[PDB]
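Spelled out, the chains give:
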Amino acid sequence: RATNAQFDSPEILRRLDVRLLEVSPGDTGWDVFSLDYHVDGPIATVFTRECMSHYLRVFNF
Amino acid sequence: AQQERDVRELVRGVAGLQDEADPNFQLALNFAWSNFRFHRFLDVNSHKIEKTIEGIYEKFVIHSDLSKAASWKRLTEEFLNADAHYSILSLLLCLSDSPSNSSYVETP
Amino acid sequence: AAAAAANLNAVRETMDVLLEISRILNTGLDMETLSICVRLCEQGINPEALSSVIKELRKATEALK
Amino acid sequence: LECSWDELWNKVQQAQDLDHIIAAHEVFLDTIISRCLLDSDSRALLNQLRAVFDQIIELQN
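Counting of residues begins from 1 for each chain and follows its sequence as written, which need not mirror the entry numbering; any residue without coordinates is not displayed. Working convention: letters from A go to chains and numbers from 1 go to ligands, in the order in which they are written. The structure shown is incomplete relative to its larger assembly, and all values pertain to the part shown. Side-chain descriptors were evaluated using all non-hydrogen atoms of the structure, hydrogens and water having been removed beforehand. Residues with missing side-chain atoms are left out of burial classes, side-chain pairs and their counts.

The deposited coordinates for this entry were obtained by cryo-EM, with a reported resolution of 8.7 Å.

A. Fine view of the overall build of chain A. A count of helical and extended segments in chain A gives two helices and two strands. Reading chain A from its N terminus to its C terminus gives the helix and strand order α-β-β-α. Put simply, the radius of gyration uses C-alpha atoms, and a globule should come to 2.2 Å times the residue count raised to 0.38. The globule rule puts the C-alpha radius of gyration for 61 residues at 10 Å, and the 14 Å found for chain A is more than 25% above it. Taking the principal axes of the C-alpha coordinates as reference, chain A spans close to 40 × 30 × 20 Å. Buried residues are those whose accessible area, probed at 1.4 Å on protein chains only, stays under 20% of the maximum for their type, while exposed residues exceed 50% and partly exposed ones sit between those limits. The buried share among the 61 residues of chain A stands at 20%. Put simply, of all contacts in chain A between residues at least 6 apart along the chain, 18% involve residues at least 24 apart. Of the roughly 4600 Å² of accessible surface on chain A, 61% is carried by carbon and sulfur atoms. Under the scheme used here, helices are H or I runs from DSSP no shorter than 4 residues and strands are E runs no shorter than 2 residues, and both carry numbers assigned from the N terminus. Residue contacts follow a heavy-atom distance rule, with two residues in contact if any of their heavy atoms lie within 4.5 Å. The accessible surface values rely on the Shrake-Rupley method and a 1.4 Å probe; as for residues, cover is taken only from the protein chains in view.

B. Molecular detail of unusual backbone geometry. Here B:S103, not a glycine, exhibits a phi torsion of approximately 55°, which is positive. Relative to the assigned elements, B:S103 resides in the segment after α5 (84-95). Its relative accessible area of 13% is what places B:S103 among the buried residues. Despite not being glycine, C:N26 shows a phi value in the positive range, around 55°. Checked against the element boundaries, C:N26 lands in the loop between α1 (3-24) and α2 (31-43). We classify C:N26 as partly exposed; its relative accessible area is 26%.

Below, the structure is given as structure tokens:
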């Protein structure tokens, strides 16, 4: 809400939300972090979850 | 009988002891028994382990290590071939990890 | 005989997949520690019970350093 | 992220088939995989880039 990200439709803005990977018994924050994008419409068939996996690997790099 | 020697061998193994008249042996032996008989633990869910193995596998994929992931899925699916499987797995899982390392296979 | 050492073969095999899993997770365990923990897990013990022990004696031998 | 977005933007805005849109997203992602050190052949180059992160955290000390 504070920065320019707010200027968006609320759906696409809400569909960006965080997820964390499964925690190891020893961690830091830079190791465990993710954004998970969820698509619920019929348009999920062009944005399938295996491409989200790739997107997130790119985001990690 | 086999249980009591196992506790001795466990404490000899981890603490690197051999002698049983060292007072540090006796403290660690008694600590083990008092841990074992004081129960505040849970019981393992096989389903919770199956989700955990799957979750770690995506963590290896997401950090762009295919050869560690492809081993890890393979080793776990081969290991789950014949309860006690889940228990030793939950054991090894919880005991320690900080793993993000490459750790290439040797001859396995 | 033959089937009684082939039984010793099929356990050492699973002992070898478990040792490979042990190092890629970066645990301080090794085959000697692991041969005890297999026998305990056969008898029926919490994995949360064994691990709290190991997390102490591996942490109490660093104070003997 | 400027060539890869270009080709994807083009091959969407002209196309009249949903299949073409799908197969454009697929290849856009795979091109990003190939351009970065995200292959299975490029593991050694990735190791060298890991080795450029060591001295970064050493320099703070």
